[PDB]
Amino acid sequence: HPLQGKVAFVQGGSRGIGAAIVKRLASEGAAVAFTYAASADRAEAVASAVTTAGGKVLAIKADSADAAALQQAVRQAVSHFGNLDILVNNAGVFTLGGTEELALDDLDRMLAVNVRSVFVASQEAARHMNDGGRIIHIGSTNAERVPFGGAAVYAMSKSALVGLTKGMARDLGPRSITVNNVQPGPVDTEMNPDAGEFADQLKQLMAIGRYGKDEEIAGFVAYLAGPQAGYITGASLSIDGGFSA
């Protein structure tokens, strides 16, 4: 239990990668608060997965586009569990449009969820974090490699996390808080499943020829949140099957 006694907040913990992260951190001993945007049934299941196994959990409904909701969710977690040790920013919207086509509303939505709300959750969490803490953003390998059209604004919103991570590491380093950007490739989830011709085309671009598994991303995030990772900070860390080689 390398995270015994620690308190984690996961923004976007109800499905796929975020569910695996919440379960992973609780299995290592942390108390976990998480936000979910859509399904109280789905969040109840993740919360039960944590507690059937003997872990402590708070689920919080919050729209990641709404900054006040995210600030409120961090304070409600702190009232529940005390000051945070770990923050994982896993909200995301993955949405396609060429440069000449994308709607202004879809731009403003990916900016709000994937960029703005990562900063807003990070600032409130840091206000209520212990020294020695961990902030982990979940970016994308599309910050580094964009092989196809239609991903310009998605890739912009993910490459924004590279400069945020460097700068936040410089701000929070004197408090021994690390800040890192995890850049996944394709991961088998129920809205991006390893099945179909698009998945087969992405695999051809990868060195490993298979999608990642939710649990593999959770295992990297738990390592970075743990007591052996206090020297890793400011970094953009690819876990993408070689997509960006």
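Start at 1 and count along the sequence shown; that's the residue number.
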property: Mean C-alpha B-factor comparison - 155-163 and 109-117, higher one; result: 109-117
property: 97-105 set against 78-86, stretch whose average Cα temperature factor tops the other in the entry; result: 97-105
property: Of the residues 173, 147, 132, 139, the one carrying the largest Cα B-factor as recorded; result: 147
property: Criterion, highest CA B-factor; candidates, 208, 217, 60, 32; result: 208
property: Chain third (lowest, middle, highest) by recorded CA B-factor, residue given as residue 54; result: highest
property: Third of the chain's Cα B-factor distribution that residue 201 belongs to, per the entry; result: highest
property: Relative C-alpha B-factor of residue 177, binned into the chain's lowest, middle or highest third; result: lowest
property: Residue 64 CA temperature factor, ranked by third within the chain; result: highest
property: Where the record places residue 91 (Cα B-factor, split into thirds across the chain); result: highest
